[PDB]
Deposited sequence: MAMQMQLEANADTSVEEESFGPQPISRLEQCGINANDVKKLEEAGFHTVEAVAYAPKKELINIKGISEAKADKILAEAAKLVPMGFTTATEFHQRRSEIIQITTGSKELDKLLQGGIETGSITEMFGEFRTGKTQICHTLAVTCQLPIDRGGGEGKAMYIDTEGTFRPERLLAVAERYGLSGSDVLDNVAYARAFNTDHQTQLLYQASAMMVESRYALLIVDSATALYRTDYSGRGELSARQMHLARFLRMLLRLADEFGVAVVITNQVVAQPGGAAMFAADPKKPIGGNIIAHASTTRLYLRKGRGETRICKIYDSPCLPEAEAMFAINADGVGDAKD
């Protein structure tokens, strides 16, 4: 992806390109994927130059109708990240794919942050061993990152211990406003270095307590829908796979599984791949594909041990 230093080849002053770096449009695709309405709200941008900054941006990126046999060629280089086990790769037909949003949920001991700890090491492998190249990013909301679990998986694949821990960016969000502000700093780091998985663990922990009651429900869902839109804008800009962790609630009053995830119909439509984790005989757990555009509905089996997620 090209930076916005290519935009002095219209004739824009250099000061206006400094303004766009304040607004988070660090990449030239972020200008072309943005509407005209949102570009006006930057202080110092008029109607005339915002007409010029959008049409000149549509020079450099291809936006228009193409053939589906050319888009089928472009899906052939999609990287799929392995999860550590052969049984989960039998479900996802190669693992978690890049350029998309994947959501995992379940109650309370089903290993949601254990997969996210295993995936931060398999995303640094060479592509011949599974997974892609690059570093990783971890956005944490409840305060469970523990780095002693990352070193145990590098013990399994034989990687260096210090090279694994130094190539992981960590940031902790303390409220819903700080959670959105960490995405603007995330887009400013991806243009220097090649990345992989952006992990938002868990995304919906802070939305349950900052907005409470029926009276503050509509203000909650508009903030969550804007947050899931920026995660979608990050996945197509840099080719980053996104992993989202959710929670569940019970249904006291239904009639005849009773645990459905939170977020309503906004997070249900925004996420495209959804996995449902539940516990069996706890040595092992059970993964089940809940919603996917391509994969059929099936199940698999887990293993959580000292070397990450296994068979």
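Asks: Give me the ranges of the deposited sequence that have no CA atoms here, in sequence order.
Replies: Missing from the model are residues 1-21, 278-281, 337-339.
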